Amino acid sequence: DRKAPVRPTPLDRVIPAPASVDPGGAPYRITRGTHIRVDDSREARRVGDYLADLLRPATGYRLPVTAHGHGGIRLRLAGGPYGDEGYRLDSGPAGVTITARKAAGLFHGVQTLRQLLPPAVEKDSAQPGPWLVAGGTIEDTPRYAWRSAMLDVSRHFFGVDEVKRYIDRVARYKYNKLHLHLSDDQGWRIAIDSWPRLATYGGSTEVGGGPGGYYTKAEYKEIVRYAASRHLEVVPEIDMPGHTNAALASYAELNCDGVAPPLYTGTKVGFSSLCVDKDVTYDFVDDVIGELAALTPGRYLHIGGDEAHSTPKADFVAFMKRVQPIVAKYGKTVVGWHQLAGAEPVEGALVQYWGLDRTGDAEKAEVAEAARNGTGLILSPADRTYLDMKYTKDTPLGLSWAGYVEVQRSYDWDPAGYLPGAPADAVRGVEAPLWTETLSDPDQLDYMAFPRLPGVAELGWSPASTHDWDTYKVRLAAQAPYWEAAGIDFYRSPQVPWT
């Protein structure tokens, strides 16, 4: 009875692990006449409609969303110790009630509810159920405010619908930020009016050659809107001064020798660089950041800064000193890979650490020092949360430069005491980046993202006290029937006792 269990799954069997789980009493059972009661507000009805849409296919039930009556499933906004993202979920014969201070909290409560329901809930056709929800109370709040997932649409382009699909994959685990790597050596993916060739030429191909693609301003706005409806703040990234071949290939003038390099379709990194000693370089950067900021309602703008190996150290520092202010000029908070820690991060900046266990102490120290100086830290170790990294030497996709990363390694660590000497209060959260040098279709993205994706979400959300591999692997194993029913391919790691 893997697909439709006789009894409801345990109230605590969800990922991320909730801050507090108090099981008790009889469960709730959704029946054909169940109504979804919401507050008389746009934001409330929005979450209600979202929930109804998730349940209607598998249940076949009408599930009307109303602001009147005493519905079996109630979403209510009220005061409480749940912050901007927390919630309380009560379940019993009298119904299921999700209470929160804001819509994001109700939304997160819904993500928990879909895991309490049986795997059959993932089907597209009416199923017998039973639609049971374990009885008891869950009180849940997040540990970190920065819980993100990154998708690389530069190495291989993924259209709006494919990005929406990935957004739905991450929404399941309460991630709240979506980092989009919009430009790199193999492609420029956002239309810039002031420099039309970036998209038309720079986005004309991708890794492996052939058609590439890019988002028009309208398409980008739609991705941001969809992400927002899934409570994901979009953090766009235009990498500089390295990983800029797509731009360089589009405009000869940006190159130090005034010659446009060919479009790049390989899989190497570190060979490209904007010309730091040219004035046009800064006009270009200002134009791009300005246009991108205009399309970004979110608070952050990622300028990259990684692997600028063709940029002399002194030029890299000079470049970052000149460009960081441009982000603030357009009203945003700058974010950069941790290499920025070596180029005097501006006040309010955040750096994304992608180092490894083996990283030299001097490098770790530079980042820890930035943290001491007030720079926020986003942790995404390449040998921990890089979803493109192979599980073992036999993984058919992905890379291996950072060694192998099985499920336990990806999960078994504590963000608070990870980077030696770094103040715990400087850690803003975590991120799970999915690079696409080796991935060209949605199914391949799933195979590399799952089952490690839920684990990184837990590190960002759950209390340190709930962290434990032996018990976590059981909660992860329980996801198998849900993913199978949902058509989500995943690596069946031998470290996990799959249900």
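In this text, residue numbers run from 1 along the sequence as written.
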Comparing 273-281 with 221-229, the one whose average Cα B-factor in the PDB entry is higher: 273-281
Mean C-alpha temperature factor, higher of 85-93 and 176-184: 85-93
One of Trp461, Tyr28, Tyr447, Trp435 has the largest Cα B-factor in the entry, namely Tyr28
Reading the B-factor column of the entry, which of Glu431, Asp443, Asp49, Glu43 has the highest value at its C-alpha atom? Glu43
What third of the chain does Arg147 rank in for C-alpha temperature factor, lowest, middle or highest? lowest
Considering only modelled residues of the same chain, in which third does the CA B-factor of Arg189 rank: lowest, middle or highest? lowest
For the chain shown, is the CA B-factor of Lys123 in the lowest, middle or highest third of its modelled residues? highest
So where's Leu350 on the chain's Cα temperature factor ranking, which third? middle
Entry-reported C-alpha B-factor of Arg452 relative to its chain, by third, is lowest
